[PDB]
Amino acid sequence: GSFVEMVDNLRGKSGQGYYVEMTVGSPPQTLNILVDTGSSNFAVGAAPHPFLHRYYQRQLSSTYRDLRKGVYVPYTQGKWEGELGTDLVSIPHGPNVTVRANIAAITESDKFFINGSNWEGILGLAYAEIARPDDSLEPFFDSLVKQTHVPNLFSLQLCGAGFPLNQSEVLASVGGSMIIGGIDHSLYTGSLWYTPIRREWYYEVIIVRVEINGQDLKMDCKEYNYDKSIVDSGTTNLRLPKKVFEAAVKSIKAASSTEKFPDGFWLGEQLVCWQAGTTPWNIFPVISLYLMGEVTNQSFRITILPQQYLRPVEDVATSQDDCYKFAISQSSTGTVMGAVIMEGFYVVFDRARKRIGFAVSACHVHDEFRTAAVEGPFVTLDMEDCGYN
Amino acid sequence: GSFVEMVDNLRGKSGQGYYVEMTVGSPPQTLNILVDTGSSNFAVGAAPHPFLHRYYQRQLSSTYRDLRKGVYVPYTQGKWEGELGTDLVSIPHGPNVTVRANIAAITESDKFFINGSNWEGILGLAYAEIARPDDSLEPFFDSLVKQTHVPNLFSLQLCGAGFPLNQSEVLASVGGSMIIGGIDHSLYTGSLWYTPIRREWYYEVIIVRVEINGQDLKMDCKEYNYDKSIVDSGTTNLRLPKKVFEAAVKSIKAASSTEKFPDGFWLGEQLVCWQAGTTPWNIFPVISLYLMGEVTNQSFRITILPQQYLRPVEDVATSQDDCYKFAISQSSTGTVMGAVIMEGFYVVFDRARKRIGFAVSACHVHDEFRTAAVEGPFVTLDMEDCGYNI
Ligand SMILES: CCCN(CCC)C(=O)c1cc(C)cc(C(=O)N[C@@H](Cc2cc(F)cc(F)c2)[C@H](O)[C@H]2CN(Cc3ccccc3)CCN2)c1
Ligand SMILES: CCCN(CCC)C(=O)c1cc(C)cc(C(=O)N[C@@H](Cc2cc(F)cc(F)c2)[C@H](O)[C@H]2CN(Cc3ccccc3)CCN2)c1
């Protein structure tokens, strides 16, 4: 019920990703690794790059094993090319174990590394079905569970600060927790509600209803999951299928109509600023996503505040204004419940029982009048019809 | 062709540079000069050097004028230091005029002169903005135009042989033409298509699309011009920005996958050889570079063959094999359309109208199945966004 050794082992922020420290090779080479539930390859920079101040040096690891095979991974945005091999891997603030895992040594990359993110690699936590080059390349977590007695589950508490963190601040601040092999009760309040993992490739789930300030978006629920809905710590924004995005923005605009914002804001490209402390949180609506429950004809909902979907960013003039970007974007690859959404909750990736749990995060940002919530149950019929084929 | 006096006035090859004969001083001192559209200083060896069998002797020129100032010029590779002055200059196989131009007398150099190139100086044909020490040192072409009636335009036809030229052969062979003040129609076939000179410093242009055997490289066009794209007769290879180079090599490898070549080949360092006459040109893809057109939302493309991007080199065993080096290299200073690319086309540097024209070269190397090409127009949107800004 408590895992003090792993609590507060994450750093970072939604816009640049959350990462955990890991060591690779013998002697141990320390590297910061992006936690990504949206992909399945473990890969690390292995050659100089302008944004990296350290990288994996295979020639210095006595336990490095060359698989003599290339690997190419194009993400939704960004991509890298590398060389496959295996080596011994550990997580300093994780289970007291050492695993021999597959590692893609990144030799070329395009819009993958982020200037100032402080991470040098990526930890794909999803399933083998989407690993590159194919499903025979065992993902890290699979190796971890197979080689140790660590329970087949991990949970994430991503903590958004609610305000901008400058370069030095984000390096010194605790960004959250990744509890490997368990659930720590101090990271959430209330009850955990579970939605089934529909299929083991991405952490796929099924959304059955969407509300903006209690008002039903009223679309055929299959639209919400076209062509899939996933939980992805490796993507900043809540991304919604084109048709759903258009309807959601029209509704959020209507709810917040007492103030008008430029088109660039709604396109997620330009920031909007308010005098310090005056952000009109109350004019923006809460967003509720209903998810399929574990019991037949039962669903539950998670409710998000604008404190989650408006991402804090520092003003161009470094002024004292409080500024934000609209963290909801259009998608052509299904719904993506990104980092800004996960920041409101403690999320349990219960691989053992093929389900994902959600509970209100003990570190979510809110105000004196509203809070994020995870509530249920609700009677909902034909939820399987909401899934797209 | 209306400029017969200047046709065939160049000699040399891509790997060592193409040069034109010039004279400096009174009485005239004959020197061979590298034609370089990638720099803007006119400089000549002016002191003994192991690779020079002649040099400018200022004390023998009655018209020499000392500017009492030193000059230092570091190139992308290679460098020299010298002393500035002016003197009377002419081009024997050029316009029939004599001009007083600035001349940097090279007194020290490092990896600049090339053993066996047969040239003793360099003619920077680009603009004053990049002249050293600063833009106040008027480049040769600017002087030429200001002092005479020669039109503010020149054109280059660089002719690669398609095979290795030994020392004797390269000295006797015609390497091309530099038409000063005009366009000679006998040097190209088809139509001339023009791309705007984006800014007058280097001969900067904007590439808007790239294809390998018709397949779109599919990169944000800004990547193709990061941090600039220039036409440079003073660089052998087509040089591409790091990310573009990586994508291009991956695509060229894919297209030519029926044969595997060593990493050293793709790094442009080692040659590959085939039995005499059997070079598999057909397995290598053509490369098309689309350039911004003169009309809004319109582009055109130039297409080069492997006969352009594979540079002929003699085998280490001087055997009868036909050998080549991959003449495409990675750059950290933008795209450089070097000599191997220019060899496929007649290139018109229309300074007067701030544009560069391209037409298929009458001397480009090809085979019975494919030829280089310059074609258009193509509808292309937001081309201005393809240009990079610091
Ligand atoms: C703008 C920089 C990145 N960024 C801010 C920091 C988080 C984003 O918010 C962002 C935006 C978009 C539109 C896409 C992605 C995106 O592809 N993420 C990847 C992980 C990633 C993180 C990163 F930091 C840089 C990257 F190159 C990539 C995730 O595995 C995606 C990948 N998909 C494609 C995929 C499918 C199957 C197997 C592998 C990849 C599916 C959903 N899971 C990320
Ligand atoms: C290896 C011997 C030379 N060589 C084979 C024969 C052609 C090459 O292919 C080659 C390779 C590289 C990587 C760079 C250069 C290079 O700097 N060229 C110079 C001219 C030159 C020719 C030569 F013959 C020997 C030389 F020292 C130099 C050109 O003005 C470049 C110079 N830049 C730097 C610059 C910028 C502004 C003002 C002056 C110079 C900009 C692009 N314009 C040439």
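Numbers and lists here come from the model and the stated rules, or from a named source; nothing here is a laboratory result. Ideal geometry is used to build each Cβ from the backbone, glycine not excepted, and the neighbour counts take in all protein chains shown.
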- Is one or more of the residues making up segment B:334-341 small (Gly, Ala, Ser), closer than 22 Å to B:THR189 by Cβ and touching a strand residue (DSSP E or B) at 6+ places or on another chain (Cβ under 7 Å)? yes
- Can we say A:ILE179 is in the same structural domain as A:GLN307 (by CATH) and either more than 30 Å from A:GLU375 (Cβ to Cβ) or not in a loop (DSSP other than H, G, I, E, B) (or both)? yes
- Filter result for the condition that a residue is more than 16 Å from ligand 2 (Cβ to nearest atom), under 19 Å from A:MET292 (Cβ atoms) and surrounded by fewer than 20 Cβ atoms within 10 Å (Cβ to Cβ), over A:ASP382, A:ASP321: A:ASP382
- Message: Of the conditions (1) away from chain A (no Cβ under 14 Å); (2) surrounded by 20 or more Cβ atoms within 10 Å (Cβ to Cβ), B:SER173 satisfies every one except a single condition; which number is it?
- Response: (2)
- Name every residue in segment B:235-259 that is surrounded by fewer than 14 Cβ atoms within 10 Å (Cβ to Cβ) and more than 14 Å from chain A (Cβ to nearest Cβ), in order of residue number. B:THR258, B:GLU259
- Message: So, in segment B:260-274, how many residues would count as being more than 14 Å from every other protein chain (Cβ to nearest Cβ) and touching a strand residue (DSSP E or B) at 6+ places or on another chain (Cβ under 7 Å)?
- Response: 7
- Message: Suppose we filter segment B:28-38 for residues that are in contact with a strand residue (DSSP E or B) (Cβ under 6 Å, 6 or more places away or on another chain) and either over 15 Å from B:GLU120 (Cβ atoms) or within 16 Å of ligand 2 (Cβ to nearest atom) (or both); how many remain?
- Response: 7
- Of all residues in segment B:123-143, which are surrounded by fewer than 23 Cβ atoms within 10 Å (Cβ to Cβ) and within 8 Å of ligand 2 (Cβ to nearest atom)? B:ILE130, B:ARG132
- Scanning segment A:83-113 for residues that are of a type in the set (D, E, K, R) and within 14 Å of chain B (Cβ to nearest Cβ), the one nearest to the chain's Cα centre (by Cα) turns out to be A:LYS111
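Considering only residues that are of a type outside the set (D, E, K, R), crowded, with 18+ Cβ neighbours inside 10 Å and more than 14 Å from every other protein chain (Cβ to nearest Cβ), which ones fall in segment B:198-224?
In the first step, residues of segment B:198-224 are kept if they are of a type outside the set (D, E, K, R); the result is B:201-203, B:205-208, B:210, B:212-215, B:217, B:219, B:221, B:224.
Now drop any that are not crowded, with 18+ Cβ neighbours inside 10 Å, which leaves B:202-203, B:205-208, B:210, B:212, B:217, B:221, B:224.
Across segment B:198-224, the qualifying residues are B:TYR202, B:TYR203, B:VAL205, B:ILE206, B:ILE207, B:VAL208, B:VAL210, B:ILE212, B:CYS221.
Can you go through B:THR195, B:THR189 and tell me which one is buried (at least 22 other Cβ atoms within 10 Å of the Cβ) and touching a strand residue (DSSP E or B) at 6+ places or on another chain (Cβ under 9 Å)?
Working: B:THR189 fails: buried (at least 22 other Cβ atoms within 10 Å of the Cβ).
The unique qualifying residue is B:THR195.
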- Query: From the list B:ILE302, B:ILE390, B:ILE287, which residue is of a type outside the set (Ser, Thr, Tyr), assigned by CATH to the domain that holds B:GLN215 and under 17 Å from the mean Cα position of the chain (by Cα)?
  - Reply: B:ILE302
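How many residues does segment A:260-282 contain that are surrounded by fewer than 12 Cβ atoms within 10 Å (Cβ to Cβ), free of Cβ contacts under 8 Å to residues at least 40 places away in the same chain and not basic (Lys, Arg)?
Here is the first cut: in segment A:260-282, the ones surrounded by fewer than 12 Cβ atoms within 10 Å (Cβ to Cβ) are A:260, A:262-263, A:275-278, A:280.
Checking the rest, the ones that are also free of Cβ contacts under 8 Å to residues at least 40 places away in the same chain come to A:260, A:262-263, A:280.
If we keep only those that are not basic (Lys, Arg) too, we end up with A:262-263, A:280.
Result for segment A:260-282: 3.
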- Return the total of residues in segment B:88-117 being surrounded by fewer than 16 Cβ atoms within 10 Å (Cβ to Cβ), assigned to a loop (DSSP other than H, G, I, E, B) and within 11 Å of ligand 2 (Cβ to nearest atom). 3
- Matching residues in segment A:14-38 - criterion: being more than 16 Å from ligand 1 (Cβ to nearest atom), assigned to a loop (DSSP other than H, G, I, E, B) and touching an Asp or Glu at 6+ places or on another chain (Cβ under 6 Å): A:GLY25
- Test: B:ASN152 is touching a residue at least 60 places away in the same chain (Cβ under 8 Å), farther than 18 Å from B:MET342 by Cβ and within 16 Å of ligand 2 (Cβ to nearest atom): no
- Query: So which residues in segment A:46-85 are more than 11 Å from A:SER109 (Cα to Cα), buried (at least 18 other Cβ atoms within 10 Å of the Cβ) and among the β-branched types (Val, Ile, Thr)?
  - Reply: A:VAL71
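Condition test on B:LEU67, is it assigned by CATH to the domain that holds B:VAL24, among the hydrophobic types (A, V, I, L, M, F, W, C) and more than 16 Å from ligand 2 (Cβ to nearest atom)?
Numbers: assigned by CATH to the domain that holds B:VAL24: yes; among the hydrophobic types (A, V, I, L, M, F, W, C): yes; more than 16 Å from ligand 2 (Cβ to nearest atom): yes.
Criteria met by B:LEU67.
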- Residue among B:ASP227, B:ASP232 that alone is out of contact with any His (no Cβ under 6 Å at 6 or more places or on another chain) and either surrounded by fewer than 20 Cβ atoms within 10 Å (Cβ to Cβ) or within 13 Å of chain A (Cβ to nearest Cβ) (or both): B:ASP227
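So, in segment B:39-53, how many residues would count as being assigned to a loop (DSSP other than H, G, I, E, B) and within 11 Å of ligand 2 (Cβ to nearest atom)? So that I can check it myself, show each step before the final result.
The first filter runs over segment B:39-53 and keeps only residues assigned to a loop (DSSP other than H, G, I, E, B), leaving B:39-41, B:46-53.
Going one step further and asking which of them are within 11 Å of ligand 2 (Cβ to nearest atom), we end up with B:39-41.
Number of matching residues: 3.
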- Test: A:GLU368 is outside any strand (DSSP E or B), assigned by CATH to the domain that holds A:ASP216, free of Cβ contacts under 8 Å to residues at least 12 places away in the same chain and surrounded by fewer than 21 Cβ atoms within 10 Å (Cβ to Cβ): yes
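Please verify whether A:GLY116 is within 14 Å of chain B (Cβ to nearest Cβ), small (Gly, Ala, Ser) and over 30 Å from A:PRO151 (Cβ atoms), treating the condition exactly as stated.
Numbers: within 14 Å of chain B (Cβ to nearest Cβ): no; small (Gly, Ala, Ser): yes; over 30 Å from A:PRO151 (Cβ atoms): yes.
No; evaluated as a whole, the condition is false for this residue.
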- Apart from one, (1) surrounded by 14 or more Cβ atoms within 10 Å (Cβ to Cβ); (2) more than 16 Å from ligand 2 (Cβ to nearest atom) all hold for B:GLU120; the odd one out is (2)
- Output the residue which, of all residues in segment B:329-365 that are over 25 Å from B:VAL174 (Cβ atoms) and within 12 Å of ligand 2 (Cβ to nearest atom), is surrounded by the most Cβ atoms within 10 Å (Cβ to Cβ). B:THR335
- Message: Can you go through A:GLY78, A:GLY17, A:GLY25, A:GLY12 and tell me which one is away from ligand 2 (no atom under 16 Å from the Cβ), within 14 Å of another protein chain (Cβ to nearest Cβ) and on the phi > 0 side of the Ramachandran plot?
- Response: A:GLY78
- Query: Would segment A:167-174 turn up any residue that is outside the structural domain of A:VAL97 (by CATH) and not in a helix (DSSP H, G or I)?
  - Reply: yes
